[PDB]
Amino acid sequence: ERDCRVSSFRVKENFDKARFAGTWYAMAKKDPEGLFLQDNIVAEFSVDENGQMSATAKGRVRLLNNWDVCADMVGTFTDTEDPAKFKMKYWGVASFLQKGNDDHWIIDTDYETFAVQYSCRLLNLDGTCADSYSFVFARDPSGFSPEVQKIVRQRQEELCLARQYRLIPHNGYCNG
């Protein structure tokens, strides 16, 4: 019944870039193929005078060679016809870190407690997502109330990603 085509997923109505600014702690994540960013992920979003949103993030990355490293990442966002859907250009301070461009959609947020983000990197021929990623963020590192958890589970189902997220630990690895 419920549809899994990317094009039918709802996004945050009248998304407010200025109210979304600030620190966000990743509480859970659904990984894409060839995952990057393992844990200890914290993002800081900013909006300039002209309305251009940007963000920085820190997180542990397991190098293919088994070294663990703390990645310092940067992303700039371009607005689209949908205030909640952006195109994100990203790179790291260290040249060996992943660089690219991915869609960045704000599925839902209350601005003060939680946010649900989603990106589909590759579309299947049917319109469904063949490779996606999603982060659940919180304003407080302690988490969300049960009432918010209820809303998050629902959005997760709506993205056809129910049961596919893992909890993200924070142990100060990248200084936290």
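A residue's number is simply how far along the shown sequence it sits, counting from 1.
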{"item": "Between the two ranges 150-158 and 164-172, the one averaging a larger CA B factor in the entry", "value": "164-172"}
{"item": "Stretch with the higher entry mean CA B-factor, where the candidates are 49-57 and 26-34", "value": "49-57"}
{"item": "Out of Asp39, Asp110, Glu44, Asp131, highest CA B-factor residue", "value": "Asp110"}
{"item": "B-factor third for the C-alpha atom of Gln117 within its chain", "value": "lowest"}
{"item": "Chain-wide C-alpha B factor ranking for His104, given as lowest, middle or highest third", "value": "lowest"}
{"item": "Ranked against its chain, the third holding the CA B-factor of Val136", "value": "lowest"}
{"item": "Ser95, C-alpha B-factor rank within chain (lowest, middle or highest third)", "value": "highest"}
{"item": "Third of chain Cα B-factors occupied by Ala84", "value": "middle"}
